[PDB]
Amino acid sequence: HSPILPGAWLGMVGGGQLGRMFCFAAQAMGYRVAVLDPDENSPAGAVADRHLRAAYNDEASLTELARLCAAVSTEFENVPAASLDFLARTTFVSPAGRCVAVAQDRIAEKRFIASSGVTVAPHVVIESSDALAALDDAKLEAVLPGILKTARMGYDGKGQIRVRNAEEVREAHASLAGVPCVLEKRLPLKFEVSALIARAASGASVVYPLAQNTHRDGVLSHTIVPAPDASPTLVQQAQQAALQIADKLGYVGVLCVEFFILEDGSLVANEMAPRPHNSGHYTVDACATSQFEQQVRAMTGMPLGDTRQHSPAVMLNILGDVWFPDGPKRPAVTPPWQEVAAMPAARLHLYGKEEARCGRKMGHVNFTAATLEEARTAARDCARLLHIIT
């Protein structure tokens, strides 16, 4: 892989905020970015050097992208793997379609992570309605109460149903149109962490500090780095687990592995994203090389960057709910960005999305300071200001 050098065209399939932040990282280093995204108002397309407005399976546009670009990546975990494989006929694609196919499918993903030597949650695979019908209630009850999750196309807790007995499992599967699913035992979670790694085609890799993540209603709310409740041993285990998965997968790119720490202290792998991750946004303001720059480096065959964290950090997600302080049925109110910007620790990142909607990710604020407790305190003050907390 002769390295792809500054000045070249780099392709990005998907045009959300992750693709937008990739654009800034690539363009700062002198690359040009072509974004393929069907939406006219794409956050990434708005800043890309070129936006191909097309469906992710459009043959002509895929051909155009691969002809223009020396290397192509994605920011969209649910992208069709066949689109990445089509692109790889004529250009370098990182991560490869085969890797994305494993990570985007909960059944394949749990099997693969287990086969890497990493513990996953107790679960029952439900391949089809016919298969579920043949399972006895005891086999379901062994992982109940639990969560029925669609194997494909879930994000932000969607495609998931709580289930408390075998009958609810069967009704839930019908409610999900009978698609393949995983039934996971609900575990007693003490805290959640994510390991962020980048891996080059050579097998070289870098790892970030462990991020400690808090979710509300299944959506990431904030991230604290380095994880205050993760001992050096656990940090080491979680990092090695992500690297073992990435090595076995032949993964080239940025990989984020989410973990549970249970009340008994055990580490359980939840899922992985074949891309930069919401819980890695802090790297932009806290680390030498951001996760977006690692994606550039991995896909170009350039050396991976240093992951040194120069400042402790907290990321606070900004959902569209913040625009509705008087409730969703009342008019939107522009959030107090002038008061956020008056906070010394605050690094404001807004995605350029036109319409604020509840549940929609509109931005994030990174808080950096000399000490983690100063950053945590600032993020709490900002959360109260925005009515994220009381």
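Residue indices: 1-based, along the sequence shown.
- The question of which stretch, 326 to 334 or 48 to 56, has the higher mean Cα B factor is settled in favour of 326 to 334.
- Set 269 to 277 against 136 to 144 and average the Cα temperature factors; 136 to 144 ends up higher.
- The maximum CA B-factor among the listed residues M362, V33, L348, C358, taken from the PDB record, is found at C358.
- Looking only at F86, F292, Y282, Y208, the residue with the top Cα B factor in the deposited structure is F86.
- Per the deposited record, the Cα B-factor of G16 falls in the lowest third when ranked against the other modelled residues of its chain.
- Ranked by Cα temperature factor within the chain, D130 sits in the highest third according to the deposited record.
- When the modelled residues of the chain are ordered by their C-alpha B factor, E109 lands in the lowest third.
- Among the modelled residues of its chain, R164 has a C-alpha B-factor that falls in the highest third according to the deposited record.
- Sorting the modelled residues of the chain by their CA temperature factor places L10 in the lowest third.
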